[PDB]
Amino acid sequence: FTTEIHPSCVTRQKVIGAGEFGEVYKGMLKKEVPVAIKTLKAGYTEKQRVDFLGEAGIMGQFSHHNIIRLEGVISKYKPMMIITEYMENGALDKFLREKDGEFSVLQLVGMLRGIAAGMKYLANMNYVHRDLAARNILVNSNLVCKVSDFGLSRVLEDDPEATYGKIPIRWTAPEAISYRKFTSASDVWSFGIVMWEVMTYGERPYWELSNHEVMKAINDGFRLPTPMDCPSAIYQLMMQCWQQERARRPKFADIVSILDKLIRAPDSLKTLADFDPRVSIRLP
């Protein structure tokens, strides 16, 4: 099963995430290695226990460079804990917003290739994420991006971006919004939004539009416009992730292949899609 870790091997050092029913800590695991530690406070319900240990059970079934690695669990003692590798740079959305403009286009596309490789693995393993977004991607000190936030009902219930069907509207495919059809192809829609998040350094999708306004625009055929300084091939790819007809979207294998070829011939990324300015600056 999973590795059972003795509480004496774990030292919690600093809170990096918090909720009403536990916290996420940076800590050390016994040379000691840095880890992330998530706890479940006393009084937890049966459903909370199944959801909590269920995330660890899912993560322990995976072994991939771009999927967060499980070190082990504390289940024989209280409080219960899940221990994973520690991703030094935190969540991808916050990371990009705090490092605006600091990366090369090739670095940004390499991030997307890693996310896509992780998603290809998950999809082939018959795991549908349902909440793919930059906020659920973690970044380490090698700039490697890893998919996180696993489970069944707990994923969308725990995400504040998911609003009441409780769903994060501006990341979610139309069929998942409309009739709750969550598949790897709705994950591909979300991946397209993640591509846009990365290339904009974490801009909020659709900006200030309301959730109802987003669904209306999508149904009317509108799509997010090109980011600034965005390779034409990258904008083309995210546009095809946003096809209304699920069956026409690329599969993650297609996405990984295209991204791998663009990175291997990096001059291909120098051709930029046109950017629509919202403001004209005239000078005589």
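Between two forms, the rigid core is defined as the largest C-alpha subset superposing within 1.5 Å. When you see a residue number, it is the position in the sequence shown, counting from 1.
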**Q.** More variable segment, 55-63 or 236-244 [Cα RMS over structures in 9 other deposited structures of this protein, core-superposed]
**A.** 55-63
Q.
So, in 9 other deposited structures of this protein, taking the root mean square over structures and residues of the Cα distances after a rigid core fit: is 33-41 or 226-234 the more displaced stretch?
A. 33-41
Q. In a third or more of the other entries compared, is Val155 missing its coordinates?
A. yes
(Q) In a third or more of the other compared PDB entries with flanking residues modelled, does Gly90 go missing? (A) no
Q: Please figure out whether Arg49 and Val50 are truly consecutive in the deposited sequence or have unmodelled residues between them, and give none, 1 to 3, 4 to 9, or 10 or more.
A: none
(Q) What does the record say about the segment between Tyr179 and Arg180: how many deposited residues are without coordinates (none, 1 to 3, 4 to 9, 10 or more)? (A) none
Q) If you average the CA temperature factors over each stretch, which comes out higher, 268-276 or 17-25? A) 17-25
Q | Mean C-alpha temperature factor, higher of 70-78 and 109-117 | A | 70-78
Q) Between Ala253, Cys241, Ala233, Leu53, which carries the biggest CA temperature factor in the record? A) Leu53
Q: Would you mind finding, among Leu259, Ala42, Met59, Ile218, the residue with the largest C-alpha temperature factor in the entry?
A: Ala42
Q.
Where does the C-alpha B-factor of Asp100 rank in its chain, lowest, middle or highest third?
A. middle
(Q) Ranking the modelled residues of this chain by C-alpha B-factor as given in the entry, is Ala123 in the lowest, middle or highest third? (A) lowest
(Q) Taking only the Cα B-factors deposited for this chain, tell me whether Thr172 sits in the lowest, middle or highest third. (A) lowest
**Q.** For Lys31, the third of its chain into which the C-alpha B factor falls
**A.** highest
Q) For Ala185, does the deposited CA B-factor place it in the lowest, middle or highest third of the chain? A) lowest
